[PDB]
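Descriptive analysis of the structure
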Amino acid sequence: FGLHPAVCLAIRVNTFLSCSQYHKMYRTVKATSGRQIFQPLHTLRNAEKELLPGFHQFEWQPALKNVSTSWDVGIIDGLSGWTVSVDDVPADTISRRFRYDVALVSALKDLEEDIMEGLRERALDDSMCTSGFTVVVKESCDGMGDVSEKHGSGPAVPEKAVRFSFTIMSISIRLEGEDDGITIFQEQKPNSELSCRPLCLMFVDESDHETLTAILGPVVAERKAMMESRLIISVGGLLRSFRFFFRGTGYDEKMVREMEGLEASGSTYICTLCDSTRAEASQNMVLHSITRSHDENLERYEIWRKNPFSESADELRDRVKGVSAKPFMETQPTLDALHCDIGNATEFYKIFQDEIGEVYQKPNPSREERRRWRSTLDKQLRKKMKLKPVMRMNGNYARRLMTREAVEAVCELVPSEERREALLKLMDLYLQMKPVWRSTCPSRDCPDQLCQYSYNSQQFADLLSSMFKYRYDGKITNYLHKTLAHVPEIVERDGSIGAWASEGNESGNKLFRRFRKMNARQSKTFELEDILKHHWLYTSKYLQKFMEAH
Amino acid sequence: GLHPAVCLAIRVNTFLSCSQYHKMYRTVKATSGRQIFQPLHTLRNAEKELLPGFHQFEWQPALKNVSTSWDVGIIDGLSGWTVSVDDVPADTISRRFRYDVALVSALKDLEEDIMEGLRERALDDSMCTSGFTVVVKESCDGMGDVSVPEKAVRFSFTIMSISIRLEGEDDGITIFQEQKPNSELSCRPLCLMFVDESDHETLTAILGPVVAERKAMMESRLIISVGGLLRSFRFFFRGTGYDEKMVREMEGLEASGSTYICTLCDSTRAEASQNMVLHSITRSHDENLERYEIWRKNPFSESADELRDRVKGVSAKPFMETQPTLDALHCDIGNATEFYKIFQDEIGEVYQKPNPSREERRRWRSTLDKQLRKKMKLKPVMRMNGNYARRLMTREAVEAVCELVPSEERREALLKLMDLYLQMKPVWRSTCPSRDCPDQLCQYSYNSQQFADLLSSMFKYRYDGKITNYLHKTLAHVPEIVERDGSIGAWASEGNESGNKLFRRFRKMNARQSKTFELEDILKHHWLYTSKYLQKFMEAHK
Amino acid sequence: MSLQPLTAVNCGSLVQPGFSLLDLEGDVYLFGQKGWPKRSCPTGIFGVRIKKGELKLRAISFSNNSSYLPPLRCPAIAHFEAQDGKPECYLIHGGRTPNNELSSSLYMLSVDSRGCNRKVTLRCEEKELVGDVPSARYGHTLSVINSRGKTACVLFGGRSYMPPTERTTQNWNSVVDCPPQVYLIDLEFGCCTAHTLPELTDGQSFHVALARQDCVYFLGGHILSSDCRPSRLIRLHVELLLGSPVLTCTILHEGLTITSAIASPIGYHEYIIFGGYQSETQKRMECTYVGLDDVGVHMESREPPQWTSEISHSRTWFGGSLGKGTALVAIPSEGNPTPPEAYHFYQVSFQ
Amino acid sequence: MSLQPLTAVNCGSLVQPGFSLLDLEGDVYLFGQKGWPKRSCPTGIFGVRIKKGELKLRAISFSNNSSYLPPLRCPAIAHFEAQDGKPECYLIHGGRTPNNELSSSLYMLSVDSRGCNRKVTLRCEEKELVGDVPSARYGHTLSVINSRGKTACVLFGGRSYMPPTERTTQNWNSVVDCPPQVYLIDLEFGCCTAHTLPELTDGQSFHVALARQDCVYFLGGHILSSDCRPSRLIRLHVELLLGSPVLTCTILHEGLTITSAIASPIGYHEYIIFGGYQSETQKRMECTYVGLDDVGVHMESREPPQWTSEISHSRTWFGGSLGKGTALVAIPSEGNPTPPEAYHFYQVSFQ
DNA sequence: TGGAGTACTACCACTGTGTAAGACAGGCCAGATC
DNA sequence: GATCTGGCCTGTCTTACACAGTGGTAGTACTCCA
DNA sequence: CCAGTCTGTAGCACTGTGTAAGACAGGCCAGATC
DNA sequence: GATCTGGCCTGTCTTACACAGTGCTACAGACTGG
Ligand SMILES: [Ca+2]
Ligand SMILES: [Ca+2]
Ligand SMILES: [Ca+2]
Ligand SMILES: [Ca+2]
Ligand SMILES: [Zn+2]
Ligand SMILES: [Zn+2]
């Protein structure tokens, strides 16, 4: 029994086998046992051209704004025809990308099998559910710095690279009555690199706003011009319509500041969504309304620039409330579920350090007492919870610290039992309200913690500003204001927190490194093209399906 | 279905990791399976009949200083160094086989082809089964920059030609001559060490056991169950496949550009200026022992340089016997380098301008690269590889270069020189000169003479008293060694050096990674990549 | 003529290939900080100083009546002669921001108060342009003129982005020479006018202009249409025959064929040109001099200081003029490693 | 009692961990070096010059009537004191060849001629041994004794490779201690006689022994049999009666747990035992001082010169005495890339 | 009995463009005795 | 103060040391089918 | 219905690689001062 | 009027960790025959 060509394309890409490698084992297994078990190279390459962008014909009505209606374009150079005149800004930055719309229709037609499956399950009459489709899209843009390609004799900036990736979150139906939504397809794990398709790759640092904007501008214009109109796709034998909504979440707070204009980083304006300062985050730690939006930030930047009230410098910065740079991409600034603990972890570490030691009787401590309290606390954790000390709170250490075991263990040193029960109740409310943001969907998994979260965080903040008022006078770490002021509003506005984290690209960093390692053409201008082609071939639902793993 | 051995071949002949092969096997089984590949745990024992330490054997008489347990495998290269800090530290990490077990595994692997040679020769297979003769070519080359380089050193050998002398009345019958000793597909590793290449101390303190069992195996004979019979074997060791520097370092000559150039003849440098053809090949291992003894004990009360000259540059007791012959590949590289220097010199002028400065030679090299890229489509390189040499040796490179020479006499002169060189080059490069091209070897003496006199006459501005050593070797020893040692080039260190990229790639896709284990598994793979069994199952009838 | 290797003691990561250098009331200011205005400086207009051969950079502050300027990269600079109302001023319009677009907004910058303790307060008032406004562009040039006897300004040249019809995200960054029309700006109000003549056969870019006595000379910069560098110096004489701004132009014989040239004023109407780029691969190396009067432009090839190998061989370079004959040039200090201070600075002086 | 960090300007690649430092007629000669004798100096021995904390290594040259020495690695050294009729000698025996092999040869080294211009000629004689010759060993100790009234040499200790039958190619670079036999060697004739010790029930190695007026003191060292470091010092007494050189011994009660030490002579019979290793990982940092009396050993601990962090963190260290209360110790250095002078040097003095 | 479609094996672009040791020639210089 | 010479310097010369392996492209054997 | 037995998958030792939290420091303004 | 040091703010090194893969090993589960 022969083997399908697509199966073999998947079994090549999914195990990083090189062309020469595959061909060698191919001729081997063919001449070995009397059969054409695998398919040869060129037929696999021809049969793969179905999955890359630029193969399926589509349409857009109304037509897109300032976007070519060609559908046969493939891997374009992100320069976008940068005039190469030396006198002008240099044009050496390497970058390759897809034409956003083409890649999007390719990924949609890939998911077409599952959307038809969902239409079979939902029993919606296929000749009727034609136009009312709607797709949610996440897009994460992190700069994977300092890659080492292992063959460097002359510096060709082969270290940093920004990887603009997108992922289809969920596709629903809209026809035809009220029926505002039926989730025909909800991707099951939207955080892993198996489903995080690259769109644009650039050999630059995430620092210089100049090159980053210069090469992302086309992608921003596509994101904008693709918000209104409808995409016409020949899917399942029917000319069907699709409307989009682009929830852009997976940015690091650094990049969110860089693209919302907020002065970075440890400014007087901590939260990206509310306008409150540090002192206004310390006075009231619960009641806040998420206000910052792309359009309002644009208007604020106009206010700052023109200064229509001729107010002084610092007063103008306070009246604009953090907006000093013109934003250039509408971003949905959700809480980052990646850390989501590390700030809380180091805050509980400082609280234990200052609770075993006496800070609310002796107000001003010196270096020696602080370091001694840290030493004895770490020795206590080694004694009872069996945790060695570290310099930085990583993930697993935080996970093993903010547990009732370590807390009731560390309770034995603080003399006043009042403070003992106080901090125990603190950690109790904390670890009760914790899985609200970490887990996938609190609307299905743990609706009780969500329904209680308002009053829970209220009691938490009251306990803090009652028994720890000595420390939250006017300064509060950012993540605490995040977890206390916006969690219910966030999970209500979207439907989850952890299901929009940047985890995708944080994982796919290893994929980029590996594809640069064993599949690169080393020409430094084709290399990106090969990395992109292989990375996309990886993350096509069809090919992972042929990796049944049964 | 697929035979397990074939699947192991496919695994190690394409550099796939257990994770990769396992995913591939799971996938291809879940679709249309009908199990096609074999899983990991069956290959991880289906090779035990290919690595060392599976096939029973013995010797008669037994080997000296060598335990007779035949089941040993990967052994630590330190050979049991007392780790006591107070002594020289037991620092360097290494691994190796036991030379005897490696040889018996190689032979019992070639079993199929030795039986084929038996049958094809129409010789009886049951009798005349006690006097086989094996020729084993060793090779040992360093290797830098395996990322500070860390400069690991590798030791390999190759069964060159297994012949039969039975039942006598004759000299021998070449049962099987290896068809391709150049390529690494038959160049098997026997010892890997993370030792720098030049430090005598650790190099000797790790190679000692290898050289010891080598010296011990030269006497007795081997017994192997092959072709159903308990037959016998004798070995002869050709220590050729070293480069020049290492041969010097393990020979007792003062490397490398000394006043004593020739590894084989004792002619000094200056005497290698006037005379360039007539020389005698005398340097032998035992003679070097005797000469070093004459140096050390100094029985004639001579002064320093006088005593040095009585022994002709022998001031270090050598230990690894080395047959008196030159590498083939590095001869090419040396020759290529010297013609590149002469070209760089003749683009400018030397016989008209005695002492040109440094920037002048810089610009002459630049414009030579210009002329060799504008035509012949050749790019510059830092260090000259074999390919760049082969390209810099052909005619059209000369027809392009000589265009810049003003003096047409010089143009025709170096053209005739390269003509002579191309007429005499396939003598030592060949696999078997007396069979591939007997006419060049027949005309090599007079050709070398004319070439040497052309050099001495039309280039005496440069060859007053300085001669590169490969020039001397190729102009005065080629005919003698080809007449004596059967052939040359068929004994190139190439098989090691170009094979070394394996140990390069085998550090990426097959690491562990920890030097305690890294050498172990690298050696395992690098061996398993060679056995003719697996190359047969790889080619599978074209 | 002498060159000297300077060193950025601190604030090395705030110099980008394009930038401007302004002078007014003594000290020299650097304009066009890369990135966006950090918290270090509220504005981004730095004050640069050569102290014992080291580049010291301090922050400037703004008054309340002032508006705040985005950090343009390659604006169109124009020094304003000291007279009523605020002597003197500086006209900046409009360059490109840290993001890929153009401001199309003219700004009048000046100094307001000092010191007290060696401090300088600046003001940046926007001057709206009603018209007939000059389109958004970068690399063009603006200059002041006095026509019998009212003061106006002439703007010309500069590339731009393709008009938003064929502007397509496959060539979303391909630029085009703006149509060759001269734009006349009055400062109060910004009633701008557009005019053309058949002598302006084509639009140029990066052509350093020099005005005097309401007569302006445009050098030869560079054109992307024909990919050639017209060495034809362009003279134009205008006057405000009230209320009509009559203009005439003429193609003179010779102008220098160098692009993106630094201009350092030494005398009353005398400017040394350290030169940016002559050939599209081989940069300009010499240092020339331009005088000008009613006779016309007079060119003279001064002695170019011996360029150090590091500056002379590296691919590109740029810089500005510290005024009073001195100027600053900079070369990409690309190599192993990046400090990340990636620009070596050299001061170059005349006489 | 202090140290000083020296630097090896050049020739910083010709030292290996175990090496010898012979002190005769002033200047010190370094003996034993990494690799065979290169052609910078064919005789392997280097004169050592200590100037301005700087380490110079000058070439030496032997006589014509002398023999040439392989650079033994960790041999035994016996300072044959000035006596009739050829002062002043050094006895080297038998050491480790740079080619990884032992040598049972006895080299008698001395000085022959000088200068004329500060050049120092040496001579080296192979001394044939008659016996009952001691087999080829390394790490042993040789000393000189003058008993009633003739001079002899006492050889004892040191390891050796396995006997030539049990030495298996897999146990090749293993090594066990030589049999516990003392060897009395006459410089002429070389009738080396072996003798047993009914009390020294075990051999050892790296024991820094001493001799005083035909009475020998084997200080404790390392025994690989039981991995023990027996601090019990060994006294013994020799009487060269005619013609049987009778020997007796005694187990001293307390000594020092020292291994691979440097012995710098201070007084006529006063020595500083400088340092080595007291454990398998711990190095003896504290110095020691031994006066040799006809009553016996007089031991006291001096002030240990403060150790820099560099010398203290190091796994290993070694050295040799420059004489006159001075010595030279070394540390295997680290860093990226190769220095390649991978050994830092500390000169050390007493008083 | 022939056609072209298949598959294989052979090409090409491309990283960067210098090193690290050692022998010997010879210049010459400390420095020390003469 | 004169010599002069052994020892350091500097330069030049010789032997190695890396630079494969990876995708795309196209001739081109060569052969499955009617 | 059950146990061998075969297959798949998880766990272990390991150090090379990127990463970002934290140490710090120095540099400039505020504050106190000359 | 003119100068200087603590606070702190932020730009920089740096280094503890986890994370990557890999071969081996060990256990756990699933198939197949009596
Ligand atoms: Ca980042
Ligand atoms: Ca990141
Ligand atoms: Ca070699
Ligand atoms: Ca080599
Ligand atoms: Zn908020
Ligand atoms: Zn010869």
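This entry, as listed in the PDB, derives from cryo-EM and reports a resolution of 4.000 Å.

The immediate surroundings of DNA strand H are formed by 20 residues, with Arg392 and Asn394 of chain A together with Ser17, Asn510 and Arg512 of chain B found nearest. Take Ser19 of chain B: an N or O atom from its side chain is 3.0 Å from a phosphate oxygen of DNA strand H. Contact between DNA strand H and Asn510 of chain B: a phosphate oxygen at 2.8 Å from a side-chain N or O atom of the residue. Broken down by secondary-structure element, the contributors of at least two residues to the surface near DNA strand H are α19 (503-518) of chain A together with α2 (18-30) of chain B. Split by residue class, the surface near DNA strand H holds six nonpolar, eight polar and six charged.

Another point: α19 of chain A. All names here are of chain A. Its 16 residues place the ends of α19 24 Å apart at the C-alpha level, agreeing with the 22 Å of an ideal helix rising 1.5 Å per residue. For α19, the principal kink sits at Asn509 and spans about 25 degrees. Buried residues of α19: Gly504, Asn505, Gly508, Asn509, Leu511, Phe512, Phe515 and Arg516, and no others. Next to the buried residues of α19 lie β4 (133-144), β5 (161-173), β7 (197-202) and α20 (527-538).

What follows is about the packing of aromatic side chains. All told, the structure shown has 48 aromatic pairs over all chains when counted by the stated rule. Note on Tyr277 of chain C and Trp317 of chain C: the rings are 6.3 Å apart at their centroids and 85 degrees apart in plane angle, and the pair reads as edge-to-face. Taken together, the positions of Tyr277 of chain C in the loop between β22 (270-273) and β23 (288-293) and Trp317 of chain C in the loop between α1 (309-313) and β25 (318-323) put the pair 40 residues apart, joining distant regions of the chain. Pair check on accessibility: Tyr277 of chain C and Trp317 of chain C agree, each one buried. Note on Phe19 of chain D and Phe318 of chain D: the rings are 6.0 Å apart at their centroids and 85 degrees apart in plane angle, and the pair reads as edge-to-face. Taken as a pair, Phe19 of chain D in the loop between β1 (2-8) and β2 (20-23) and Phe318 of chain D in strand β27 (residues 318-323) lie far apart in primary sequence, 299 residues in all. One exposure class covers both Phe19 of chain D and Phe318 of chain D, and it is buried.

Criteria and thresholds
- Residues numbered from 1 in each chain as written, not as in the entry; some residues may be left out.
- Chains lettered and ligands numbered in written order.
- Heavy atoms only, no water.
- Near = heavy atom within 4 Å.
- Polar contact = N/O pair within 3.5 Å; in protein donor to acceptor, adjacent residues only side chain to side chain.
- Helix = DSSP H or I, 4+ residues; strand = E, 2+ residues; numbered from the N terminus.
- Nonpolar A, V, L, I, M, F, W, Y, C, P; charged D, E, K, R; others polar.
- Expected span 1.5 Å × (residues − 1).
- Bend = angle between axes of the 7 residues up to and from the residue.
- Buried < 20%, exposed > 50% of the residue type's maximum accessible area, 1.4 Å probe, protein only.
- Contact = heavy atoms within 4.5 Å.
- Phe/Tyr/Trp six-rings, centres within 6.5 Å; stacked < 30°, edge-to-face > 60°.

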